[PDB]
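Counting from 29, one number per residue, gives the positions in the sequence shown under the working numbering.
Input: a single structure, listed below in structure tokens.
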Amino acid sequence: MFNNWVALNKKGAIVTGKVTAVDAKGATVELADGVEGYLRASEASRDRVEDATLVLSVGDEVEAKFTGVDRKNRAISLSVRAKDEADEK
């Protein structure tokens, strides 16, 4: 995914990942070439409770915000939303 990309492609952008594996608080979403980003417990929707939450499954993809990368793991952290930091600021 991103591991190659850091040289061509920068953070603050939106990337689509696919649901596939779980963390205790988490979903590790498949972002390709082996590596995963982050997906939150809400899954997606559009607003609140269930929207899209009934029609996206494990192996199906949603658009998340490209937040930051951890230097030690050499991978990307995704926040599920699209914009994230555009609520009031």
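Note that the Cβ used here is the ideal one computed from N, Cα and C, for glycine as well.
Would DSSP call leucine 84 helix, strand or coil?
coil
Residue burial classification, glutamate 64 (beta-carbon count within 10 angstroms, cutoff 16):
buried
According to DSSP, what are the bridge partners of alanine 114?
Looking at the DSSP assignment, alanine 114 forms no beta bridge with any residue, so it has no partner.
Go to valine 47, then tell me how far its beta strand (DSSP E) extends in each direction, as first and last residue.
42-50
Using a Cβ distance threshold of 8 Å, determine whether the stretch 74-83 contacts the stretch 97-104, with at least three qualifying pairs required.
no
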